[PDB]
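Next up is one chain by itself, shown in structure tokens, the form solved without agmatine (AG2).
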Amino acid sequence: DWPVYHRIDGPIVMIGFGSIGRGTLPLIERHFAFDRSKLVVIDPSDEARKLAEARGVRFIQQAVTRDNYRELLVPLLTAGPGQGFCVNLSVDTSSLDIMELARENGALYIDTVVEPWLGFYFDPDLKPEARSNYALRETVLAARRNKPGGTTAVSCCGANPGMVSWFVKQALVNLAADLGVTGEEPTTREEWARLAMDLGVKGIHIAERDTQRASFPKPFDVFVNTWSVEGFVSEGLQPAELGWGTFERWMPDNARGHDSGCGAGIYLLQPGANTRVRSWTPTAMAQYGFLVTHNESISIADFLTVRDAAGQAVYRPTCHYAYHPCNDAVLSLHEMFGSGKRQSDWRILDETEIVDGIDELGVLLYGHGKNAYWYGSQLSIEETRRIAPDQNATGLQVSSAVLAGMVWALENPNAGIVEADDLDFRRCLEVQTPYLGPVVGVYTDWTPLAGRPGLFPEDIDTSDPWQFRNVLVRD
């Protein structure tokens, strides 16, 4: 039957019961030993309350805010004598403040994004740099430096960011094998970075194609997606952002860097969900993706950075998202950006409203001796329905990663603040793999210069096909 990995001894407080909370609850119930009365869900929504009541789970209908979070969460995180687990799956809440609260009260923590308090983004005097995921991430790195060790808190452990960090490692191992590079698999960050450098990985796309299709035609003035509409829109309006590789020789005139921090990233002064890049996945083959900002674009490039004695980077891969969302979401973006406003209404596709499709989510490592290698999941909606309730394929990749992260945290409860790149990738993938459908690695001869130049002249660098100059779509 289903494996039970650990006993949870304290309260489980799930913040948020949207598409991911709903998918994660049944996995938590399935894979951990605890009395159900120990778990409670907090979410302000009436729809969420109704679903919770049908599922027989404790529910508190409240919005967690900067003004109430200490008063509200401390009693819940500290109920009884066991160590609790805060599972944060919300929007509009500060990941940093909640995480720090959990740690100071001895509870484990996990989330899937570095989220700021409601109001952060539409503040009048917020500079574009301050709206970046690089800056949000630096607040978490800062917290780690300020309080080393202590109770484990896992930042950004969803599908992406999260799982894709584990795929990068598995892909590096596979590439090393296929290129005839033999030796000890790496066990430290410095060794992972050197492996990437040695293999000649110039960069990495988080290369995703969602083919889930709805049982109804897209309504006008409704934003449709397979996961958070609020979350997608929020990240889509942040600056286009990327981990910036040492091999790059060109950047747009509207690119900018950062004065402080780890140094791994740049951003563009334009929204990521309206920025296209040339990418590839096995089912899609050549496609456009959107350059949406994501924590892993920075965290993976930072993680795989090799520095010299002086502390300067000698190697770092480029890393960014190349997202082709579901058809209705592509239409929803076209509608949003063309109108200049958010749609009147929105909805997230339920599994019962999906006629077919997969969430093809993987990592595309390029520039090495086999040109490009894609490693990841081809999870279908049909498989998802069989193996995990109350979610679509997009949801299951995320919720199963949260599960893997929780397993790791309970097995390593005094690791301090950690990112998915800090977790044991094999253990995490061992826990996750049952929920990923086919996981495959395939090589391709495709490059961003495929079929170029064509009818019209373009600004391309023919000496090096993988340069960002060739990837970025100039509109």
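Numbering starts at 1 and follows the sequence shown.
Omitted from view is the form solved in complex with agmatine (AG2), to which the following refers.
- Classify residue 428 as contacting or not contacting agmatine (AG2) in the bound PDB entry by the rule of any non-hydrogen atom within 4.5 angstroms, answering yes or no. Residue 428: no, not in contact with agmatine (AG2) in the bound PDB entry.
- Would you check, heavy atoms only and a 4.5 Å threshold, whether residue 316 touches agmatine (AG2) in the bound PDB entry? Although agmatine (AG2) is absent here, residue 316 would stay clear of it in the bound PDB entry, with no heavy atoms inside 4.5 Å.
- Using a 4.5 Å heavy atom cut-off, state whether residue 303 contacts agmatine (AG2) in the bound PDB entry. Residue 303 belongs to the contact set for agmatine (AG2).
- Task: Mark residue 213 yes when one of its heavy atoms lies within 4.5 Å of a heavy atom of agmatine (AG2) in the bound PDB entry, and no otherwise.
- Result: No, no contact at 4.5 Å.
- Item | Interface residue in the bound PDB entry among 131, 276, 103, 144, criterion: non-hydrogen atom within 4.5 angstroms of agmatine (AG2) | If I apply the 4.5 Å criterion carefully, the residue I get is 144.
- So which of 385, 189, 307, 370 reaches within 4.5 angstroms of agmatine (AG2) in the bound PDB entry, heavy atom to heavy atom? Going through each option in turn, the one that passes is 189.
- Which of 333-341, 215-223, 172-180, 136-144 sits within 4.5 Å of agmatine (AG2) in the bound PDB entry, heavy atom basis: Only one stretch passes the 4.5 Å heavy-atom test: 136-144.
- Task: For the stretch 13-28, return the residues whose heavy atoms include at least one within 4.5 Å of agmatine (AG2) in the bound PDB entry, in the order they occur.
- Result: Nothing in the stretch sits within 4.5 Å of the partner.
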